[PDB]
Amino acid sequence: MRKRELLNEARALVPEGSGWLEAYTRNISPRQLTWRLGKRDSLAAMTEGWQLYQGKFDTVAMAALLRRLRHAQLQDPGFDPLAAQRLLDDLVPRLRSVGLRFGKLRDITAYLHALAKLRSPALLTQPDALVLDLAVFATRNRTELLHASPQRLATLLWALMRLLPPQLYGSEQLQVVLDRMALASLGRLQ
RNA sequence: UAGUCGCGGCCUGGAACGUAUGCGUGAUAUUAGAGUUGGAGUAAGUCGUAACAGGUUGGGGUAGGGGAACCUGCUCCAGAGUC
């Protein structure tokens with residue numbers, strides 16, 4: 001019976017042309033959010049989803065969001081790089097509040113792949129401090145890096161090869177990441 | 001750095017919907033069978049001549065009349081005789 005109160009809460013965030021507002025739930029799972037961002041094609045729809053559901057996004061939602069941004073970059077014709085860049089700037093403090101406190105290596109690697117996927121040919125940028133701090137936070141624990149997949153680690157390497165400027169290859173945090181990843185991968189070379 | 005914090009895992013909650021189920025009121029299906037009528041079968045109860053040159057020349061047809069076989073019209077067919 002409280003669907004109209006839910007709808008008013010939806011109306012208070014997103015204008016009235018969105019199909020998300022009929023679809024809205026407060027008690028959403030992130031699984032459904034990853035699929036619902038996987039169902040959209042236009043940057044207006046991901047903007048609608050972001051201002052509806054900024055509170056419930058963990059790192060998988062950011063990764064699927066960046067893939068959908070690349071998807072709209074090659075399939076939505078009305079693309080604005082400036083709106084994409086300010087939205088990509090809005091993605092930062094959610095990461096620093098949540099994903100730098102609860103990021104497992106899988107999730108963080110998925111996001112960094114998604115961002116390098118955005119910067120891939122067929123220019124959008126993030127701050128490099130977040131990229132390095134995500135790199136050291138995904139590898140801060142040895143044990144999950146021991147159980148990691150080779151696809152994950154080389155995907156992280158391709159992300160760090162695509163995102164970083166050449167002046168920052170001498171940074172110590174990248175070297176700490178390389179230390180950890182060599183100490184993991186040289187045992188499971190085969 | 002010591003009560004925070006908690007996107008995420010486990011938990012009292014309401015609820016559309018969802019059998020079997022009850023007096024209404026439909027379908028298909030079943031044998032019981034009141035009760036009527038027809039087909040068939042049968043050595044000796046029985047009334048007349050349909051049928052055959054065959055003794056009123058019969059009949060596919062549609063209605064009438066008679067205790068019974070039946071006959072009465074109207075076009076046809078000759079798949080009844082026969083010069």
# chains A, B, ... in the order shown; residues from 1 in each chain; ligands from 1

$ interface_residues --of "chain A" --to "chain B" --cutoff "12 Å" --atoms "only C-alpha atoms (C1' of nucleotides)" --output "count of residues only"
27

$ residues_around --residues "residue 159 in chain A" --least-positions-apart "5" --cutoff "7 Å" --atoms "only C-alpha atoms (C1' of nucleotides)" --output "ChimeraX atom specification"
/A:112-113,116

$ residues_around --residues "range 55-66 of chain B" --least-positions-apart "4" --cutoff "10 Å" --atoms "only C-alpha atoms (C1' of nucleotides)" --output "PDB file with C-alpha atoms (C1' of nucleotides), in the first residue's frame"
ATOM      1  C1'   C B  70     -52.484 -53.750 -50.131  1.00  0.00           C
ATOM      2  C1'   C B  71     -54.899 -50.341 -53.689  1.00  0.00           C
ATOM      3  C1'   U B  72     -56.247 -44.654 -55.291  1.00  0.00           C
ATOM      4  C1'   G B  73     -53.595 -40.204 -58.513  1.00  0.00           C
ATOM      5  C1'   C B  76     -40.624 -41.336 -65.242  1.00  0.00           C
ATOM      6  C1'   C B  77     -38.175 -46.221 -65.964  1.00  0.00           C
ATOM      7  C1'   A B  80     -43.364 -57.539 -66.642  1.00  0.00           C
ATOM      8  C1'   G B  81     -45.312 -59.956 -70.777  1.00  0.00           C
TER       9        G B  81
END

$ atom_distance --atom1 "CA of residue 107 in chain A" --atom2 "CA of residue 82 in chain A"
26.6 Å
